[PDB]
């Protein structure tokens, strides 16, 4: 039973990767683009971009292990461990040619180790709205002169004593609605219907727990990225970020310049953290343009 409506011309399928049953939605013809979603969402965040990319590409959008309809990882939740599943999934559909990668939110955390380790496999790279896990995240403030910061959840989710699961169980929709809307500039695109779809999905107990394990593994990911980042990224890369309340602002491009040689960036005015939902028309335009040159 699908958790979200599949777009016309696309198929919802499963594929075993290192013993893990992964869910993905696939469509189109041509070179492969893999779209990797982030926290609080599923593959479905890409459902407006997918039918547009499918005119020129083979598009695959998987659910991260443990989220959506993908089984939890069997190894762990650090970026290096999750990257194995996403790399092997993609190479099963593009084993002979490099493929393109679009990632958002913790989709970046779970792909950067694969990108850096298999650079010949990645033709072009689009990263949007998330820091690569490294020492900079230790400088985000807990509290601001504007009020609640948008990053206090790092500690909330990573806390021991099962703090997040216990506090959110029975209040998943309420928490997720506050979490999404407080990181958004355009709140009206988050309908009550859409919020319920996402809420139901991540309220599955193994999905609620998997969600927090990513943040619980963040310190491990930072140590991993410290070694990997000694190799800079050589493929063409583009960063997208929102310039409104809740967006990453100039941070996105600035951090990426330390990782990539060939990077161009855009900051979208009036957009928050959820670019595919908040600013679909501009964001889709930039992505389709970048992947088509």
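Numbering follows the first chain given and starts at 1.
K.L.:
Is the mean CA B factor in the deposited entry higher across 118-126 or across 154-162?
P.N.:
Mean B over CA atoms: larger for 118-126.
K.L.:
Where do the C-alpha atoms have the higher mean temperature factor in this entry, in 91-99 or in 199-207?
P.N.:
It is 91-99.
K.L.:
Highest CA temperature factor in the entry: which of 248, 229, 67, 253?
P.N.:
Within the set 248, 229, 67, 253, 229 shows the top C-alpha B-factor.
K.L.:
Please work out which residue in 104, 173, 74, 181 has the highest C-alpha B-factor recorded for this crystal structure.
P.N.:
By C-alpha B-factor in the record, 74 ranks first.
K.L.:
Select lowest, middle or highest to describe the third in which the CA B-factor of residue 48 falls within its chain in this entry.
P.N.:
CA B-factor rank for residue 48: middle third.
K.L.:
Could you look up the Cα B-factor of residue 13 in the entry and say which third of the chain it sits in: lowest, middle or highest?
P.N.:
Ranked within chain, residue 13 CA B lands in the highest tercile.
K.L.:
Determine, from the deposited record, the chain-internal third of the Cα B-factor for residue 257: lowest, middle or highest.
P.N.:
Middle third by C-alpha B-factor.
K.L.:
Would you mind ranking residue 85 by its C-alpha B-factor against the rest of the chain and naming the third, lowest, middle or highest?
P.N.:
Its C-alpha B-factor belongs to the highest third of this chain's values.
K.L.:
What third of the chain, by the recorded C-alpha B-factor, contains residue 271?
P.N.:
Lowest third, going by the recorded CA B-factors of the chain.
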